[PDB]
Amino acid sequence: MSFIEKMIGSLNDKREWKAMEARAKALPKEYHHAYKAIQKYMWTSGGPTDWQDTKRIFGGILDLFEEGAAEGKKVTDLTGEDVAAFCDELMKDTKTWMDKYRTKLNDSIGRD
């Protein structure tokens, strides 16, 4: 039943989210703050559009952050001070909501 399968998928997704939130909380303050700042940035139209891609992107950020925190590195030693540019390289082959809106616009107008 898709009704049930969707509900279970949501349980699973939210459980993975919770675990990812915990990974970020385990990091030092500056890293946890940076992760939350990047989340806000990604929860815009420059961000990923489904759970699969969100999981991949933020899980990668966490992997990088865990290595850096373990070496006592600063966040901006990893990402550069232009953190937004880092998010761009990170997202370059991932569909953004903006990508989807460009399609919506173009499909809407069609050959009018």
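The first residue of the sequence shown is number 1, and the count goes up from there.
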{"query": "Higher-scoring stretch by recorded Cα B factor average, 87 to 95 or 18 to 26", "finding": "87 to 95"}
{"query": "Ranked C-alpha temperature factor of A37 among modelled chain residues, by third", "finding": "middle"}
{"query": "Chain-relative CA temperature factor third for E67", "finding": "highest"}
{"query": "Where the record places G60 (Cα B-factor, split into thirds across the chain)", "finding": "lowest"}
